[PDB]
Structures are given as structure tokens and as C-alpha cells.
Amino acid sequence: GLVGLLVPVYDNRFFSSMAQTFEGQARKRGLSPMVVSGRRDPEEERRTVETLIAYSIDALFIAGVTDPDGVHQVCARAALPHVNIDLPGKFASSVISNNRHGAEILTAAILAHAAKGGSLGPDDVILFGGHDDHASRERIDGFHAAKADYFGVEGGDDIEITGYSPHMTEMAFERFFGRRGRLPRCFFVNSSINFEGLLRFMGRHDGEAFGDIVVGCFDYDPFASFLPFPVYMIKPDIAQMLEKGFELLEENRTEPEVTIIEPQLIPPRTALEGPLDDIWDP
């Protein structure tokens, strides 16, 4: 009963939390859980799945792959049950978080917090992110939706196109800080990995107070929650996503179904109880 979870990286705070949740859920099913990395490379993702098929894994969870179709064909040729997690696929059923709604409540929350510091203008509210993923594009849509309702206007240049990688995000923060002289008063970071780019930027500018900023991040991390600026985070319901990923694998419907799970807004300085219960007891 070997079941595999395919993730882009182990180092990611969201995917690392998913792997912990996945292992426990698989353990309760009596399955044996293994995690493999696709390294966000379609060829690597295909080779990794082929290796898992060669080693006779029973089921695969496909989480955050850049190419869902190529992975599906490999699983289909091997007749290996697979469900998409987090990022949708057309051929197989997908369980994903409600990125648009999560971004909307996140943007509304950081807008309300920043406004307590002083009235805002649309040029004050910026998103660092990208169009490469359905989740990322959905996040910009929720972000624009909350801004449009708040300001009553839309269509400003509020998107700083940054790559999921922190280095491109760091350069964006460096570039923005260069013309404006400050960080935006209210800004949205697309991912926890993007958030690392902000820290790289901040480390380069020791001696800057960065006191006027309010930040909203997709993905949750207790350490990021307690950062010296107020940080609002969206925590996806990974457990429900995996629970639906399971049971969807049991079920034989050929028709692909996309199931959307509502995320939860996390206020600043919140340290939540984690998936590891009594694992770290002596």
C-alpha cells in the first residue's frame, strides 16, 4: 500500500506542511507514505513518476507540478491512480484551494490594517507575484477584486511581476524601493517563497526601519506571522484537500472533477497547532 506525494520542493513551507499532513493521513489509511520532488521541471516530474511506477507505487498525489498533462499520461500508461492537488489538471480530478476568495479576504484584511496607519491610495497597494500558475492568476483576481471594492476604481499598475523564486522577488523589492524610497504601505506576496525574497531585500538594507508596511502572504508559517511588520496569512485547508484527494482515488468516475476548498485567514502573530501531534514528545 505504498502511496506517493509529488511536490515541487521539500523546502517550501506550504508543501512541507502538506507532506506532514499527507503522511499522517496515509498512516491512518494503513498506507505507506513516500514523498518525491519534481523540482518544477516537466522532464524531472516525468522521470520521477516513471521511477515511482517502476518501483510499483499504488497511488500518486500530484501537487504543484508545472506540467500536469505529461505526468497524467505517464500515470495513465501505467494505469496508476492519481489526483491533482493544489494546481488543477484537465485530465484527472483536482483538489485545490479557493485562491481567488483567499486573496480577496487577505487583501481586504491588509487594506483595513494599513488604513489604520493612514488613508491609502491605489498606488499604495501592490502585489508581488505572477501569471504562470492558475493559483497565481486567481490570487491577482481576488487581490484586484478587493482593491476595486475598497477604492471604487480599478486598472492601476499594482502588479509587480515576480518569479516564484525569491531572487526575482528580491530584485523587485530592490527596484521598487529604489524609485519610491520606501516599500509599499500595503502589499501582497504571492507565496511563502516570494516572501523569502522580501527578507533577502531587507537583509541587504540593514538600518532601515520598514515600519510603515503591512504584508499579506499566501501560505502560513508561524515564524512569518511574528515578523516585525504585521503579516496576514492565508492558510489553505491542506487536510481537507488531502482527504478529498483520498476517497477521490477510491472512486472510479472517469469524469474529472475539480473540488475547491476554502482557505482560512490568519491574523498577525498567530502560532497555530501543527500537524505533528505528540511526534516530538520524548
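Residue numbers run from 1 along the displayed sequence.
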Legend entry - Mean temperature factor over C-alpha atoms, higher-scoring stretch between 203-211 and 180-188: 203-211
Inset, instruction - State which stretch shows the higher mean Cα B factor in the entry: 144-152 or 82-90. - result: 82-90
Legend entry - Identity of residue with top Cα B-factor, from 58, 219, 45, 243: 58
Inset, instruction - Compare the CA B factors listed in the entry for 130, 197, 122, 102 and report the winner. - result: 130
Legend entry - Chain third (lowest, middle, highest) by recorded CA B-factor, residue given as residue 36: middle
Legend entry - Chain-wide C-alpha B factor ranking for residue 235, given as lowest, middle or highest third: lowest
Inset, instruction - Quick one: classify residue 268 as lowest, middle or highest third of the chain based on its Cα B-factor. - result: lowest
Legend entry - Third of the chain's Cα B-factor distribution that residue 107 belongs to, per the entry: lowest
Inset, instruction - Ordered by C-alpha B-factor within the chain, which third holds residue 115? Give me lowest, middle or highest, please. - result: lowest
